[PDB]
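In the block that follows, a single chain appears as structure tokens, in the form deposited in one PDB entry.
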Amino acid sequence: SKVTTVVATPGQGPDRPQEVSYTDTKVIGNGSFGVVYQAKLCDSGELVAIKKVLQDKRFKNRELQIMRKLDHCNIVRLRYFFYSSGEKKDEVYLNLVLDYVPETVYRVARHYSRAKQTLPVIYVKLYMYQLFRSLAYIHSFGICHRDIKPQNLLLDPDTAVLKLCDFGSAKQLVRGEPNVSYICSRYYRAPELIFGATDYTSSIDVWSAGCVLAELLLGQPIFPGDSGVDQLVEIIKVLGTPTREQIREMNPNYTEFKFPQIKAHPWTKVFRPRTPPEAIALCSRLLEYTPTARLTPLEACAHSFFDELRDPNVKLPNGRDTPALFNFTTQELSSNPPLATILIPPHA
């Protein structure tokens, strides 16, 4: 067994560097600045993932600064960080040591879809609720993730615990300070991003979250396409042509362009006939052109679609307890504190 030691700083708690030892290193994925490793910490036996991110000498790394201040059961935990060399010669890389989670929402979704089966709705409810909580939490700091997609939703399939990860695009949005439009991944981008807006809000994450919900209900992405124009055609086929008033809420530079002229498809026909009507209702309040008309994450947690999760006797299909769903904090509740009446049921 090859043991490796490094000097590293705890992700949370005091800034005192400590000796960290790990072993059982093995490649588990590919990253944008080098491959991603798994390792086992010698002191606890816990598995971690180690991701390289490449340090800017001019700026503090934004992802590291965000990760150090987040503490939530549905967000991946930063255990340690340290600097090293790596792929490119002479380059210094930031290494983020994250708690390892073995699967993703995308893996589970593809497993059902390949089998031509639909994900059981109880899991759709559990996953989407946990994602909306993670989003309520980061949004309460003003932090927008900007790359919500199924592959960024870590999942422990045994316990049904979901954790949001990959904050490499996240940013604290400030009104009246522009943001690059080129973030968020194909299939999940809000139409104001497709239109190249620089003045969007955290509601781009809610659109992406609606895309994930629709995907879980359909067994395939709802707005596929390799170009923004192909993606927009799929959006227009569902929502219909945006009005000039809607376009001006998305990007007013686009109001006078020629768009495909298409009537909205009825929401009840977008999904299979036996899709639960509350899921369709929820989806229709997330996939809205007007960004301010989309539900907030906290409003989405309180939606009727999630009422089964507030039932005292709800259980996982495998017979286990559901994960923690009601340990809201003042921080997490701050966008609308008296939603706790729905959010925290009596037995909590």
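For clarity, a rigid core is taken as the largest C-alpha set superposing within 1.5 Å between two forms. We number the residues from 1 along the sequence you see.
One more form of this protein should be noted, the form deposited in another entry, which is absent from this view; the next part is about it.
*Asks:* Among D321, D56, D311, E46, whose C-alpha is off by 2 Å or more between the shown form and the other one on a rigid-core fit?
*Replies:* Result of the superposition: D56 is the only one at 2 Å or more.
*Asks:* Superposed on the rigid core, does the Cα of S32 end up 2 angstroms or more away between the shown form and the other one?
*Replies:* Indeed, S32 is displaced by 2 Å or more.
*Asks:* Indicate closer or farther: the Cα atoms of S202 and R58, in the other entry, relative to the displayed form, with a change of 3 Å or more.
*Replies:* More distant in the other entry, by 3 Å or more.
*Asks:* I want to verify one pair: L155 and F33. Are their C-alpha atoms nearer or more distant in the other entry compared with the form I supplied, knowing the change is 3 Å or more?
*Replies:* So the answer is closer.
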